[PDB]
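Quick heads-up: it's one chain on its own, the form deposited without thymidine-5'-diphosphate (TYD), in structure tokens.
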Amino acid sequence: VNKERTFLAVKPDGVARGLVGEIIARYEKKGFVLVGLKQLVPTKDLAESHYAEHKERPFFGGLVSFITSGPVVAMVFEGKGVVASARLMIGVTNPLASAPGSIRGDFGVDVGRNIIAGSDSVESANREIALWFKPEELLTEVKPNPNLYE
């Protein structure tokens, strides 16, 4: 189904480096539809909840500290297979090993400053969307270019 949605966050390093527009344009060109979008400086509570799966790990603190250190651009994109497709467009965890053409492959060098993060599964996407966005902040009616889907 064409209504799958994923959550993407341009982290503070991506915003600070002026990469927001470049990133959004890659998803728009692909044909995914923007369904939610806003810039905010995450609070500690929102960050700890977002990274809750890592809470027992040592690196949890650093992830929380970094994401609340500056503005973040949060967005929700809709489309067929968007969850896995957006991860492929992002690259792998280590930017140095990500292929040229991917966001991290083209712009990043360090695991801890890897620019953007997207949901890893439909289930986590559904959880993340509900955490970061109020229902009224998301488009209800979506209309993709008519030349994108059979």
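In case it trips you up, residue 1 is the first one in the sequence shown, and so on.
Although not depicted, the form solved in complex with thymidine-5'-diphosphate (TYD) is the subject of the following passage.
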Checklist line | Open or blocked: site for thymidine-5'-diphosphate (TYD), pose in the bound PDB entry superimposed, 2.4 Å backbone/C-beta cut-off, 3-atom minimum | finding: open
Check: Do heavy atoms from each of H54, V111 and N114 fall within 4.5 Å of thymidine-5'-diphosphate (TYD) in the bound PDB entry?
Finding: yes
Notebook entry, point to check: Do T43 and thymidine-5'-diphosphate (TYD) share at least one heavy atom pair within 4.5 Å in the bound PDB entry?
Noted result: no
Note to self: Quick check on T93: any heavy atom within 4.5 Å of thymidine-5'-diphosphate (TYD) in the bound PDB entry?
What the structure shows: yes
Next item on the list: Report yes if any heavy atom of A86 sits within 4.5 Å of a heavy atom of thymidine-5'-diphosphate (TYD) in the bound PDB entry; otherwise report no.
Entry: no
Check: So in the bound PDB entry, does any heavy atom of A125 sit within 4.5 Å of thymidine-5'-diphosphate (TYD)?
Finding: no
Check: Heavy atom within 4.5 Å of thymidine-5'-diphosphate (TYD) in the bound PDB entry: which residues of 6-23 qualify?
Finding: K11
